[PDB]
Amino acid sequence: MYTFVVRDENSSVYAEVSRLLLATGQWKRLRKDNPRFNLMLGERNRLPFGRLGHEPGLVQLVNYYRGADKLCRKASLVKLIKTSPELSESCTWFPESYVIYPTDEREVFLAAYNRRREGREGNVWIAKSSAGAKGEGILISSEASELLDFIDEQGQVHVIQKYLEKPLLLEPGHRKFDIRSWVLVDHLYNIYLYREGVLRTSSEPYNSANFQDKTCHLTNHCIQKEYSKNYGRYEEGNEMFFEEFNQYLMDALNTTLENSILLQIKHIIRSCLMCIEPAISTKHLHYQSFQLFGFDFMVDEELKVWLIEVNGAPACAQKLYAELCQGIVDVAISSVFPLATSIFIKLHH
Amino acid sequence: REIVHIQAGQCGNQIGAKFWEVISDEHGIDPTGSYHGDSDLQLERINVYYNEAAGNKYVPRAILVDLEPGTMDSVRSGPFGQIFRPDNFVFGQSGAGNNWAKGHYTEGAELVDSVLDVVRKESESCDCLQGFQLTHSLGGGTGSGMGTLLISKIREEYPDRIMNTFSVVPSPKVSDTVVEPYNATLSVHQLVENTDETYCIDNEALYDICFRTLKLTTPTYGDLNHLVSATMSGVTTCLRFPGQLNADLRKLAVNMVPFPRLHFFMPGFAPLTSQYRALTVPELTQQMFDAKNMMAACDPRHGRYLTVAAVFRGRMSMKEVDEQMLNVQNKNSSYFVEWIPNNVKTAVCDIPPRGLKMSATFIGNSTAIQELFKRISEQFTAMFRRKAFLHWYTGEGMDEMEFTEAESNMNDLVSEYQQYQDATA
Amino acid sequence: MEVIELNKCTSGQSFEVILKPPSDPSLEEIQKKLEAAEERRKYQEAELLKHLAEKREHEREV
Amino acid sequence: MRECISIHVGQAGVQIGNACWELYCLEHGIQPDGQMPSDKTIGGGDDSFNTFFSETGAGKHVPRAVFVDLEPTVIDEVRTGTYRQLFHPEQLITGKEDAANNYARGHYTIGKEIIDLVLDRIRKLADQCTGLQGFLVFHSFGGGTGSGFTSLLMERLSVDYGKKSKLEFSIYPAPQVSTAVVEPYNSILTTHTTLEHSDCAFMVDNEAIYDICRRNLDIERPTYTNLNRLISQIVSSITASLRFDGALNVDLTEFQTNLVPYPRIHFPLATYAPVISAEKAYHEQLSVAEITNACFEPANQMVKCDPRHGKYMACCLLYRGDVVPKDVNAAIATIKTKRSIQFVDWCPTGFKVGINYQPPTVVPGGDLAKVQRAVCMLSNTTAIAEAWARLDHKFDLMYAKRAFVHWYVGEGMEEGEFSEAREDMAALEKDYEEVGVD
Ligand SMILES: Nc1nc2c(ncn2[C@@H]2O[C@H](COP(=O)(O)OP(=O)(O)OP(=O)(O)O)[C@@H](O)[C@H]2O)c(=O)[nH]1
Ligand SMILES: Nc1ncnc2c1ncn2[C@@H]1O[C@H](COP(=O)(O)OP(=O)(O)CP(=O)(O)O)[C@@H](O)[C@H]1O
Ligand SMILES: COc1cccc(-c2cc(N3CCc4cc(OC)c(OC)cc4C3)nc(N)n2)c1
Ligand SMILES: Nc1nc2c(ncn2[C@@H]2O[C@H](COP(=O)(O)OP(=O)(O)O)[C@@H](O)[C@H]2O)c(=O)[nH]1
Ligand SMILES: [Ca+2]
Ligand SMILES: [Ca+2]
Ligand SMILES: [Ca+2]
Ligand SMILES: [Ca+2]
Ligand SMILES: [Mg+2]
Ligand SMILES: [Mg+2]
Ligand SMILES: [Mg+2]
């Protein structure tokens, strides 16, 4: 029977996967450093890809795609989109973003801000960086000087991205949101979209004139639960699931989630992952790879979808751990190591 | 690269005689020393254990030692008795009375010089001496006491040559006398320092195998020796036949012994015989890793493997042995140390033994071998705390403080085996 | 994709295609160490034969 | 003309040398008795093949080679084999007992006893050279002779032939075909002491050759004979520029100039295609673009690793057979638009290409099929460092417990050399990290 190893202790998702593989009766867990394994639930940093696929007579699988960081680091993602002919600077679903080191794009960022300033176009901007987690490291302003000054104050890379001033606002609440989608890519590079997403909801009413407040413009669950008094006023945990959001769109705007938003989502997922397919694919490699991705989108008031970031080590929604984690084993693991309807939308390419 | 064989004492000379019977058959040499074989592959590496002599005869490079003529008189009259060089019988008259001190310090000391004289002559006619192998028991007096004495004298004259032994370990279930744990403990201290490889053949295991698995309600020493000679044929098979891989005693020791003192191996054999059904590779592999096929009464699941070597003989689906070897490891991957990578090696010799189409020999350096020494240490202390039977030894000049030292070193040996059973990466 | 320095003969050809331009020990010192390991080898051997010599004393002491 | 002397050390080196020289003779139309009907310069000449073969008045063509093993059974097969007549006795040097996979035994204990004789016999061939270029040393990382004595030989060759280039063909250890667990120790030890003395080393992982043989030749359990005849093809393609008329890689110095910008990082990755079975009676011959594309499939590399996640410092395309420059450029243009090929910023993004019109030669009754065209790509990519990491990790696991170390100390070594060599590999691994990441 098959063997596997855990090398990430702080992993919510794969904690259940190792839990559920053990209960199968055909899987055996080993120490964090026994190479005689079939599957590696590897670590988020410096995973030793070079030491995989060199154990005789052992098919070796790993839950991460070497090189997928180029899509999951904010600075690299920008350069991937802007320098990839498959995506190009003419990208309709990515906000005009620039990579700013405190190679560099400082002038060219000011270049459009000036043209925009003279044109009375709401030149409101946001700066971000992958290092600052837990809602720390985030600045929004209307003129570069105040933003670029924050970038130089720190010592790591930062990207300046056009803050979207006209988000789709839910009612009752007149409040903001983002959408999280989970996508599984298996060893064959089939793209599987989990049929269940979630809206991370803002519990405070949107305010365009006032970004002084540090909770009316960000909604990563953690921020709302620690810096907002209305965590849960409308729905359990600032998390609205698709059934409800679909019904809301039908009633309020006479459309469906599938038509108005989810088509654009499926297109962006395919576009992003197929752009990098030749650089990370492991089809003829001595080891195979799969990986779970968490795409974060947002919707504007014209029902256009925008990709904001891609997270390569994502947590799941509490209710959906069981179903999702069972889906990985079915498609990602058992597909390689067979045993004695579906929850995924196969994004065909 | 020639090997010099030595057999000392009753046990040593009798398992030795069967060893020469077996390999002599495998190579096609009759009791008179004449080759009558079908393949030239039998002869390519025949020099390894035989000299070529006047009249196109092959003579075993063997030396026969005992302090009493009884067992050696039998050998000369046995099946292959006339194969050995008559000049290589060096036997005393008095005996050792199952007394380690008599073989090591008094009676043996008198005869030892005569033994090394024969060693030198065998060594002087060797193109490139590779090392020595000794067959002997650790419970008697000649094989145990004199055998470890000879080992000490050989290392003095050939300090850069490999010294290996097939040592039969005593057990109350197949016991000749009660002072057997005393002689064993004293011998082991010598083997820990002056041998490179010791194959621990435990008579308890040979009995259980003969009685429990082979369904022999009353085994004889002949029944146990059939298994011991079968193992020795299997351990030496790669050296005795033109085998794809290049097997050398020092190259083998380097790959099997990660620490100088932990050089005590568990032999194994499969199938266990005393039938015609072709045994399949699935069956050969799972047997050799079973406790029931081990020649040392130790549970491999109560320890860990430092190194392992499984040796397969015959024409067989070699792709299948690989598939299965890699299968049996996955089933027992917890019982292989993680800090010696790729510590399970496999060799195949196309020529099977006599009467079997496929066989397999197992050589393992497992930390569970301590269970044997712990068993011997208990029997030793049970008597030593009351100093029982010591007068047999103090009467030959020994001091009880040599006993205390030996006891301590073997409990040290156990402690060292425990160190690496718990070590991790 | 420029092709340059194309040489050719009856046996074959060779050339270069560019797509994007750029953006002491001595003998004595050895001999000593082989000897330094040799002398270390002898010391281990002497220490062995001394340990054995000590055990020859004890043998005939008994 | 400028001569090259091949030195084959240990079992692996010797047996691979047998494969290469067998192949060389067939490629040059030399018979096993050393006669060459096509050579009209009797008793001499400065032709291109003379870089590897000398000529006698009797018309025999003799490899400029030395074989050396610390035990004779392997070289004995040379002295009695098909090409026994090719070599004369003093070219073949043998000891009596081997190094038992012990680097220390090969370098120190036994090395000291035989080094002088070997050098003397090498000097006897250098004296027959008008303009010796350097040495090609074939050996294994794992064996005691191949690792320990080779390093000793390399050290003294740098002293006695100071300004002459030295190239290595090194067999990287693989569990599938090895019977030794200490090979990681010998690999790190020999690399450390040989690194400063080698100008260019072509490393071949036996794991790569093993899978290539069973995947592409459907051989269920390859032998050393299977592996060596495949390796010889690659070795031949690499050395063909020295033996045939040409413009690219005609001096050993050019290998260093074309493939090695930094001295320490001198391990080019070889990739070879097409490998085709002789059992497939009729095969769809592969185009120039298909075999050139195949040069970027890790399954065809001599060392399993992912160049996509490293950076290139140089690249040479060595075609043999019916190839013309136009078809090469077509493939390269297509390939660059479909593959992840990033060069370091301080080097040009270009390929140095060479073509010999003679198609690859296969030994009669071999496992390989004759093909219309083949290519061997030589790439200096940082991704090859993966092989060092693998090895460094195995070294670390055993050394933390000092497993097997007593076998080396007993032969005269100090534990310091273990950590001293391992520290050198640490720098080397970090040197590769500097050049190719971020
Ligand atoms: N490709 C290939 N590798 C070989 C061959 N023979 C040995 N090797 C490699 O070398 C290792 C065994 O050591 P050898 O090279 O045979 O021995 P050595 O280098 O002469 O050193 P000693 O045997 O100790 O004298 C194996 O693990 C292989 O990796 C061969 O014929 N072909
Ligand atoms: N272009 C844009 N327009 C509007 N809002 C934006 C935006 N870019 C970022 N945001 C805000 O920032 C938040 C997401 O930040 P981001 O996802 O980059 O931080 P993060 O990656 O550290 C949290 P996680 O790791 O859980 O994804 C959202 O709540 C969103 O409101
Ligand atoms: C008592 O004196 C002797 C005499 C003859 C042999 C031995 C012996 C055998 C042995 N066997 C058998 C063959 C073999 C071959 C291998 O590869 C080529 C291998 O892997 C390196 C392991 C084995 C396992 N192992 C050790 N240590 N000694 C001892
Ligand atoms: N396997 C086997 N073991 C034996 C044989 N004879 C004796 N022994 C073992 O050796 C012990 C007796 O020692 P003995 O052979 O008399 O030693 P000796 O005095 O040197 O010949 C017993 O405990 C047995 O375990 C034999 O024929 N076969
Ligand atoms: Ca007397
Ligand atoms: Ca004398
Ligand atoms: Ca000529
Ligand atoms: Ca130099
Ligand atoms: Mg993030
Ligand atoms: Mg008796
Ligand atoms: Mg050898």
# chains A, B, ... in the order shown; residues from 1 in each chain; ligands from 1
>>> residues_near_ligand(ligand="ligand 2", cutoff="7 Å", atoms="only C-alpha atoms and all ligand atoms", output="PyMOL selection string")
chain A and resi 95+126+128+130+132-135+161-165+177-178+217-220+296+308-309+311
>>> select_by_dssp(residues="range 194-328 of chain D", states="alpha helix (DSSP H)", output="VMD selection string")
chain D and resid 194 206 to 217 224 to 243 252 to 259 288 to 294 325 to 328
>>> interface_residues(of="chain B", to="chain A", cutoff="12 Å", atoms="only C-alpha atoms", output="count of residues only")
28
>>> residues_around(residues="residue 419 in chain D", least_positions_apart="4", cutoff="12 Å", atoms="only C-alpha atoms", output="list in words")
residues 185, 188, 189, 192, 392, 395, 396, 399, 400, 402, 405, 413, 414, 415, 423, 424, 425 and 426 of chain D
>>> residues_near_ligand(ligand="ligand 6", cutoff="7 Å", atoms="only C-alpha atoms and all ligand atoms", output="short mmCIF file (atom, residue, chain, number, x, y, z; two decimals) with N, CA, C and O atoms, in the first residue's frame")
data_model
loop_
_atom_site.label_atom_id
_atom_site.label_comp_id
_atom_site.auth_asym_id
_atom_site.auth_seq_id
_atom_site.Cartn_x
_atom_site.Cartn_y
_atom_site.Cartn_z
N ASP B 113 51.07 -22.84 17.78
CA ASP B 113 52.19 -22.62 16.87
C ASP B 113 52.15 -23.61 15.71
O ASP B 113 52.39 -23.24 14.56
N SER B 114 51.84 -24.88 16.00
CA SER B 114 51.76 -25.87 14.94
C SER B 114 50.68 -25.52 13.93
O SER B 114 50.79 -25.88 12.75
N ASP B 117 51.89 -22.62 11.58
CA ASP B 117 52.88 -23.11 10.62
C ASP B 117 52.18 -23.56 9.34
O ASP B 117 52.66 -23.28 8.23
#
>>> residues_around(residues="residue 314 in chain B", least_positions_apart="6", cutoff="10 Å", atoms="only C-alpha atoms", output="count of residues only")
11
>>> residues_near_ligand(ligand="ligand 3", cutoff="9 Å", atoms="only C-alpha atoms and all ligand atoms", output="PyMOL selection string")
(chain B and resi 3+131-135+162-166+196-199+232-240+243-257+265+308-311+344-349+361-364) or (chain D and resi 178-181)
>>> residues_around(residues="residue 2 in chain D", least_positions_apart="5", cutoff="10 Å", atoms="only C-alpha atoms", output="compact mmCIF listing (two decimals) with N, CA, C and O atoms, in the first residue's frame")
# COMPACT_ATOMS: atom_id res chain seq x y z
N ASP D 46 49.95 13.41 -40.03
CA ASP D 46 49.37 14.35 -39.08
C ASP D 46 47.92 14.65 -39.46
O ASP D 46 47.48 15.80 -39.47
N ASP D 47 47.17 13.60 -39.81
CA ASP D 47 45.75 13.72 -40.10
C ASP D 47 44.96 13.97 -38.82
O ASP D 47 45.50 13.95 -37.71
N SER D 48 43.66 14.23 -38.97
CA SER D 48 42.84 14.54 -37.81
C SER D 48 42.70 13.34 -36.88
O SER D 48 42.71 13.49 -35.66
N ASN D 50 44.86 11.19 -36.28
CA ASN D 50 46.12 10.97 -35.58
C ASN D 50 46.16 11.64 -34.22
O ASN D 50 47.10 11.40 -33.46
N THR D 51 45.18 12.49 -33.90
CA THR D 51 45.12 13.06 -32.56
C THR D 51 44.90 11.98 -31.51
O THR D 51 45.30 12.14 -30.35
N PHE D 52 44.28 10.86 -31.90
CA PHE D 52 43.95 9.77 -30.99
C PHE D 52 44.70 8.48 -31.29
O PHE D 52 44.76 7.61 -30.41
N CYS D 129 54.59 12.43 -28.77
CA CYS D 129 53.72 13.50 -29.22
C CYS D 129 54.53 14.73 -29.60
O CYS D 129 55.46 15.11 -28.88
N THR D 130 54.19 15.33 -30.73
CA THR D 130 54.86 16.55 -31.16
C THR D 130 54.25 17.79 -30.53
O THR D 130 54.94 18.80 -30.35
N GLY D 131 52.96 17.74 -30.18
CA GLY D 131 52.29 18.89 -29.59
C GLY D 131 51.11 18.53 -28.71
O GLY D 131 49.99 19.00 -28.94
N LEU D 132 51.35 17.67 -27.72
CA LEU D 132 50.31 17.18 -26.83
C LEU D 132 49.39 18.29 -26.33
O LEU D 132 49.85 19.32 -25.83
N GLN D 133 48.08 18.06 -26.44
CA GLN D 133 47.09 19.03 -26.01
C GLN D 133 46.73 18.87 -24.54
O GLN D 133 46.67 19.85 -23.79
N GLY D 134 46.46 17.63 -24.12
CA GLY D 134 45.94 17.40 -22.79
C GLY D 134 45.42 15.98 -22.67
O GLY D 134 45.72 15.12 -23.50
N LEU D 242 37.49 16.52 -32.34
CA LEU D 242 38.94 16.37 -32.23
C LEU D 242 39.50 15.36 -33.22
O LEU D 242 40.70 15.41 -33.53
N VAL D 250 37.99 21.98 -31.70
CA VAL D 250 39.10 21.29 -32.35
C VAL D 250 40.31 21.19 -31.44
O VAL D 250 41.22 20.40 -31.74
N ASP D 251 40.32 21.93 -30.35
CA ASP D 251 41.36 21.88 -29.33
C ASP D 251 40.66 21.70 -27.99
O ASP D 251 39.55 22.19 -27.79
N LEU D 252 41.30 20.97 -27.08
CA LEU D 252 40.73 20.83 -25.74
C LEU D 252 40.44 22.20 -25.13
O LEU D 252 39.47 22.37 -24.38
>>> residues_near_ligand(ligand="ligand 1", cutoff="8 Å", atoms="only C-alpha atoms and all ligand atoms", output="CSV table (one decimal) with N, CA, C and O atoms, in the first residue's frame")
chain,number,residue,atom,x,y,z
B,246,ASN,N,31.4,-7.8,-9.1
B,246,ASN,CA,32.8,-8.1,-8.5
B,246,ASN,C,32.7,-8.1,-7.0
B,246,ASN,O,32.7,-7.0,-6.4
B,251,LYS,N,35.9,-5.3,0.1
B,251,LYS,CA,34.8,-4.5,-0.5
B,251,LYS,C,33.4,-4.9,0.1
B,251,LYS,O,32.6,-4.0,0.3
D,9,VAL,N,40.5,4.9,-15.8
D,9,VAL,CA,40.8,4.6,-14.5
D,9,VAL,C,39.7,3.8,-13.8
D,9,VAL,O,38.5,4.2,-13.9
D,10,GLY,N,40.0,2.7,-13.1
D,10,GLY,CA,39.0,1.9,-12.5
D,10,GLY,C,38.2,1.1,-13.4
D,10,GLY,O,38.5,1.1,-14.6
D,11,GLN,N,37.3,0.3,-12.9
D,11,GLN,CA,36.5,-0.6,-13.7
D,11,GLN,C,35.7,0.2,-14.7
D,11,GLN,O,35.7,-0.1,-15.9
D,12,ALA,N,34.9,1.1,-14.2
D,12,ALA,CA,34.0,1.9,-15.1
D,12,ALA,C,34.8,2.6,-16.2
D,12,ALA,O,34.5,2.5,-17.4
D,13,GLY,N,35.9,3.3,-15.8
D,13,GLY,CA,36.7,4.0,-16.8
D,13,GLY,C,37.2,3.0,-17.9
D,13,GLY,O,37.1,3.3,-19.1
D,14,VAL,N,37.8,1.9,-17.4
D,14,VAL,CA,38.3,0.9,-18.4
D,14,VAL,C,37.2,0.3,-19.3
D,14,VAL,O,37.4,0.3,-20.5
D,15,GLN,N,36.1,-0.1,-18.7
D,15,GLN,CA,35.1,-0.7,-19.5
D,15,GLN,C,34.5,0.3,-20.5
D,15,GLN,O,34.2,-0.1,-21.7
D,16,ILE,N,34.3,1.5,-20.1
D,16,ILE,CA,33.8,2.6,-21.0
D,16,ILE,C,34.9,2.9,-22.1
D,16,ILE,O,34.6,3.0,-23.2
D,69,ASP,N,43.9,-0.1,-13.6
D,69,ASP,CA,43.0,-0.6,-12.6
D,69,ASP,C,43.9,-1.2,-11.5
D,69,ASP,O,44.9,-1.8,-11.8
D,70,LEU,N,43.4,-1.1,-10.2
D,70,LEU,CA,44.2,-1.7,-9.1
D,70,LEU,C,44.0,-3.2,-9.0
D,70,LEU,O,44.6,-3.8,-8.1
D,71,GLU,N,43.1,-3.8,-9.8
D,71,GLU,CA,42.9,-5.2,-9.9
D,71,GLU,C,42.8,-5.6,-11.3
D,71,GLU,O,42.3,-4.8,-12.1
D,97,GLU,N,45.4,-6.0,-5.6
D,97,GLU,CA,44.2,-5.9,-4.8
D,97,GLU,C,43.6,-4.5,-5.0
D,97,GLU,O,44.3,-3.5,-5.0
D,98,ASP,N,42.3,-4.4,-5.1
D,98,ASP,CA,41.6,-3.1,-5.4
D,98,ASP,C,41.5,-2.3,-4.1
D,98,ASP,O,41.9,-2.7,-3.0
D,99,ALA,N,40.8,-1.2,-4.2
D,99,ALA,CA,40.6,-0.2,-3.2
D,99,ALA,C,39.3,-0.5,-2.4
D,99,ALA,O,38.9,0.3,-1.5
D,100,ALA,N,38.5,-1.5,-2.7
D,100,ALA,CA,37.3,-1.9,-2.0
D,100,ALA,C,36.4,-0.7,-1.7
D,100,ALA,O,35.9,-0.5,-0.6
D,101,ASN,N,36.1,0.0,-2.8
D,101,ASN,CA,35.2,1.2,-2.8
D,101,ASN,C,35.6,2.1,-1.7
D,101,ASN,O,34.8,2.8,-1.1
D,102,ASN,N,36.9,2.2,-1.4
D,102,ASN,CA,37.4,3.1,-0.3
D,102,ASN,C,38.3,4.2,-1.0
D,102,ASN,O,39.4,3.9,-1.4
D,103,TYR,N,37.8,5.4,-1.0
D,103,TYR,CA,38.5,6.5,-1.6
D,103,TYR,C,39.9,6.6,-1.0
D,103,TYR,O,40.9,6.8,-1.7
D,106,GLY,N,42.4,4.0,-2.3
D,106,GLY,CA,42.8,4.2,-3.6
D,106,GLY,C,43.7,5.4,-3.8
D,106,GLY,O,44.7,5.4,-4.5
D,139,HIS,N,36.5,7.7,-15.6
D,139,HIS,CA,36.5,7.1,-14.3
D,139,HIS,C,35.1,7.2,-13.7
D,139,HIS,O,34.2,8.0,-14.2
D,140,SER,N,34.9,6.5,-12.6
D,140,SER,CA,33.7,6.6,-11.8
D,140,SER,C,33.9,7.4,-10.6
D,140,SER,O,35.0,7.4,-10.0
D,141,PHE,N,32.8,8.1,-10.1
D,141,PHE,CA,32.8,8.8,-8.8
D,141,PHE,C,32.8,7.8,-7.7
D,141,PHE,O,33.3,8.1,-6.6
D,142,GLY,N,32.2,6.6,-7.9
D,142,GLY,CA,31.8,5.7,-6.8
D,142,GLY,C,32.9,4.8,-6.4
D,142,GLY,O,33.1,4.5,-5.2
D,143,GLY,N,33.6,4.2,-7.3
D,143,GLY,CA,34.6,3.2,-7.0
D,143,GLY,C,35.8,3.8,-6.2
D,143,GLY,O,36.0,5.0,-6.2
D,144,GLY,N,36.5,2.9,-5.5
D,144,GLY,CA,37.7,3.4,-4.8
D,144,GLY,C,38.8,3.7,-5.7
D,144,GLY,O,39.5,4.8,-5.5
D,145,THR,N,39.1,2.9,-6.7
D,145,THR,CA,40.1,3.3,-7.7
D,145,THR,C,39.6,4.5,-8.5
D,145,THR,O,40.3,5.5,-8.6
D,146,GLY,N,38.4,4.4,-9.1
D,146,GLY,CA,38.0,5.5,-10.0
D,146,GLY,C,37.9,6.9,-9.3
D,146,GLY,O,38.1,7.9,-9.9
D,147,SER,N,37.7,6.9,-8.0
D,147,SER,CA,37.6,8.1,-7.2
D,147,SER,C,38.9,8.5,-6.6
D,147,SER,O,39.3,9.7,-6.7
D,171,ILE,N,31.4,9.1,-14.1
D,171,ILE,CA,30.2,8.3,-13.9
D,171,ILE,C,29.6,8.6,-12.5
D,171,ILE,O,30.1,8.1,-11.5
D,172,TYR,N,28.5,9.3,-12.5
D,172,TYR,CA,27.8,9.7,-11.3
D,172,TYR,C,27.0,8.5,-10.7
D,172,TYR,O,26.4,7.8,-11.5
D,173,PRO,N,27.1,8.2,-9.4
D,173,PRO,CA,26.6,7.0,-8.9
D,173,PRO,C,25.1,6.9,-8.8
D,173,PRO,O,24.4,7.9,-8.5
D,174,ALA,N,24.5,5.7,-9.1
D,174,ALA,CA,23.1,5.5,-9.0
D,174,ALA,C,22.8,4.2,-8.3
D,174,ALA,O,23.4,3.1,-8.6
D,175,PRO,N,21.8,4.2,-7.3
D,175,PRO,CA,21.5,2.9,-6.6
D,175,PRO,C,21.1,1.7,-7.5
D,175,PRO,O,21.3,0.6,-7.1
D,177,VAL,N,22.2,0.4,-10.2
D,177,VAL,CA,23.3,-0.4,-10.7
D,177,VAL,C,24.5,-0.5,-9.8
D,177,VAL,O,25.5,-1.0,-10.2
D,178,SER,N,24.4,0.1,-8.6
D,178,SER,CA,25.5,0.0,-7.7
D,178,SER,C,25.2,-1.0,-6.6
D,178,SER,O,24.1,-1.3,-6.2
D,179,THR,N,26.3,-1.6,-6.0
D,179,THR,CA,26.3,-2.5,-4.9
D,179,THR,C,27.0,-1.8,-3.7
D,179,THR,O,27.6,-2.6,-2.9
D,180,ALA,N,27.0,-0.5,-3.6
D,180,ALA,CA,27.8,0.2,-2.6
D,180,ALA,C,27.1,1.4,-2.0
D,180,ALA,O,26.5,2.1,-2.8
D,183,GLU,N,29.3,5.3,-1.8
D,183,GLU,CA,29.7,6.1,-3.0
D,183,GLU,C,29.5,7.6,-2.8
D,183,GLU,O,30.3,8.3,-3.3
D,204,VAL,N,27.9,11.8,-16.1
D,204,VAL,CA,26.9,10.9,-16.6
D,204,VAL,C,26.3,10.1,-15.5
D,204,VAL,O,27.0,9.3,-14.8
D,206,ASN,N,24.3,7.3,-14.0
D,206,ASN,CA,23.9,5.9,-14.4
D,206,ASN,C,22.4,5.8,-14.4
D,206,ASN,O,21.8,5.0,-15.1
D,209,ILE,N,21.2,6.8,-17.8
D,209,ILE,CA,21.5,5.8,-18.9
D,209,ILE,C,20.6,4.6,-18.7
D,209,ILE,O,20.2,3.9,-19.6
D,224,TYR,N,26.0,-3.5,-17.9
D,224,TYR,CA,27.0,-2.5,-18.2
D,224,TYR,C,27.3,-2.4,-19.6
D,224,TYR,O,27.7,-1.3,-20.2
D,225,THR,N,27.2,-3.5,-20.3
D,225,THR,CA,27.4,-3.6,-21.8
D,225,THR,C,26.4,-2.7,-22.5
D,225,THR,O,26.8,-1.9,-23.4
D,227,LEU,N,24.8,-0.1,-21.2
D,227,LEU,CA,25.0,1.3,-20.8
D,227,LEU,C,26.3,1.8,-21.4
D,227,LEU,O,26.3,3.0,-21.8
D,228,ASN,N,27.3,1.0,-21.5
D,228,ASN,CA,28.6,1.5,-22.1
D,228,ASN,C,28.5,1.9,-23.5
D,228,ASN,O,29.1,2.9,-24.0
D,231,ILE,N,26.8,5.1,-23.8
D,231,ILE,CA,27.7,6.2,-23.3
D,231,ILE,C,28.7,6.5,-24.4
D,231,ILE,O,29.0,7.7,-24.6
>>> select_by_dssp(residues="range 132-322 of chain B", states="strand (DSSP E or B)", output="ChimeraX atom specification")
/B:132-137,162-169,197-202,264-270,294,305-313
>>> interface_residues(of="chain D", to="chain A", cutoff="8 Å", atoms="only C-alpha atoms", output="list in words")
residues 175, 176, 297, 298, 299, 304, 305, 308, 309, 338, 339, 340, 386, 387, 389 and 390 of chain D
>>> atom_distance(atom1="CA of residue 258 in chain B", atom2="CA of residue 187 in chain B")
22.1 Å
>>> residues_around(residues="residue 5 in chain C", least_positions_apart="2", cutoff="12 Å", atoms="only C-alpha atoms", output="ChimeraX atom specification")
/C:2-3,7-8,13-18 /D:247-248,352-354
>>> residues_near_ligand(ligand="ligand 7", cutoff="6 Å", atoms="only C-alpha atoms and all ligand atoms", output="list in words")
residues 39, 41, 44, 45 and 47 of chain D
>>> write_last_selection(atoms="N, CA and C atoms", output="short mmCIF file (atom, residue, chain, number, x, y, z; two decimals), in the first residue's frame")
data_model
loop_
_atom_site.label_atom_id
_atom_site.label_comp_id
_atom_site.auth_asym_id
_atom_site.auth_seq_id
_atom_site.Cartn_x
_atom_site.Cartn_y
_atom_site.Cartn_z
N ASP D 39 44.00 4.61 -44.77
CA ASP D 39 45.15 5.48 -44.52
C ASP D 39 46.23 5.18 -45.55
N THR D 41 48.95 7.24 -45.71
CA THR D 41 50.19 7.66 -45.05
C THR D 41 50.64 6.50 -44.17
N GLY D 44 53.00 6.91 -40.50
CA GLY D 44 52.92 8.23 -39.92
C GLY D 44 51.81 9.05 -40.55
N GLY D 45 51.87 10.34 -40.25
CA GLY D 45 50.91 11.30 -40.76
C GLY D 45 50.43 12.22 -39.66
N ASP D 47 47.17 13.60 -39.81
CA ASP D 47 45.75 13.72 -40.10
C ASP D 47 44.96 13.97 -38.82
#
>>> residues_near_ligand(ligand="ligand 4", cutoff="7 Å", atoms="only C-alpha atoms and all ligand atoms", output="ChimeraX atom specification")
/B:8-11,14-15,96-98,137-144,168-171,174-177,180,203,221-222,224-225
>>> residues_around(residues="range 119-121 of chain B", least_positions_apart="4", cutoff="12 Å", atoms="only C-alpha atoms", output="MDAnalysis selection string")
chainID B and resid 3:6 61:65 87:90 112:115 125:126 129 131:133 150:151 153:154 157:158
>>> atom_distance(atom1="CA of residue 72 in chain D", atom2="CA of residue 95 in chain D")
6.4 Å
